[PDB]
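Only one chain is included here, represented as structure tokens and corresponding to the form deposited in one PDB entry.
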């Protein structure tokens, strides 16, 4: 079912670098589509079954989900060299896309990306699934008006500057900690792909959060949208909103502002 014939895949150019190897773009010639554009995650040292098991674990998680704003798993090739076939997001990483398009993208498009992300996260919340790594780096751009959530293997597991205080202090990951992370991610989107807490040491971050310090309101930001992020950044997890509420709030923001 998930096992794909290698001869149906035609490997193309290297589009990125991953945890286990190089990510490539390619073509999948199935009975349906003459040439579907795909992304091929490769694995360098996958002759070792321990590495193999770790690499293939992403595909095991991936098959459970089906959502328009989550990267779709097309298949796997378990014979060496081991490959993971995923739907291609041609425009690449969100961080990079936002940096490049800083003086072209409107606020309506920025709010749209957050909305789309909040729909994927609400779907994951419905499946009682905890992502553990919501960041602009783990978001892919399919088109000018479509973003997807990727990275379900936990590449950086340390993103201290995105983590909720209880994750830093006690390694507690819940639906509430995912909300905090989404808050930081909405800040990064409005900050046009700028990393949070620049020139601040990781060990000094928790000290600041505990003292009530937060990320400033971006220059191009509706105060109503910043009001929403500050709700995600409540110290007490039980006080943070859920993704069904954030989804609904971003809908009104999308309309009222632009």
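Between two forms, the rigid core is defined as the largest C-alpha subset superposing within 1.5 Å. Numbering follows the first chain given and starts at 1.
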**OP:** Check whether residue 32 goes without coordinates in at least a third of the other compared PDB entries of this protein that model residues on both sides of it.
**Re:** yes
Original post:
Looking at the other compared entries that model both neighbours, is residue 107 missing coordinates in at least a third of them?
Top reply: no
Original post:
Per the record, how many residues of the deposited chain fall between residue 170 and residue 171 without being modelled: none, 1 to 3, 4 to 9, or 10 or more?
Top reply: none
Subject >> Average Cα temperature factor in the PDB entry - higher stretch of 100 to 108, 176 to 184 >> reply: 100 to 108
Original post:
Taking only the CA atoms, which stretch has the higher mean B-factor in the record, 110 to 118 or 75 to 83?
Top reply: 75 to 83
Original post:
Highest Cα B-factor in the PDB entry belongs to which of 189, 70, 56, 36?
Top reply: 36
**OP:** Just grab whichever of 231, 41, 208, 201 has the top CA B-factor as deposited.
**Re:** 201
Subject >> CA B-factor placement of residue 133, once the chain's modelled residues are sorted into thirds >> reply: middle
**OP:** Ordered by C-alpha B-factor within the chain, which third holds residue 93? Give me lowest, middle or highest, please.
**Re:** middle
Original post:
Among the modelled residues of its chain, does the C-alpha B-factor of residue 235 lie in the lowest, middle or highest third?
Top reply: middle
Original post:
With respect to C-alpha B-factor, does residue 154 fall in the lowest, middle or highest third of the chain as deposited?
Top reply: highest
Subject >> B-factor third for the C-alpha atom of residue 244 within its chain >> reply: lowest
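We do not show the form deposited in another entry, though everything after this point is about it.
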Subject >> Core-superposed comparison between the shown form and the other one: the option from 140, 121, 134, 84 whose CA moves 2 angstroms or more >> reply: 134
Original post:
Relative to the form shown here, do the C-alpha atoms of residue 125 and residue 137 sit closer together or farther apart in that other deposited form, given a change of 3 Å or more?
Top reply: closer
Original post:
Did residue 132 and residue 114 drift closer or farther in that other deposited form, going by a CA distance change of 3 angstroms or more?
Top reply: farther
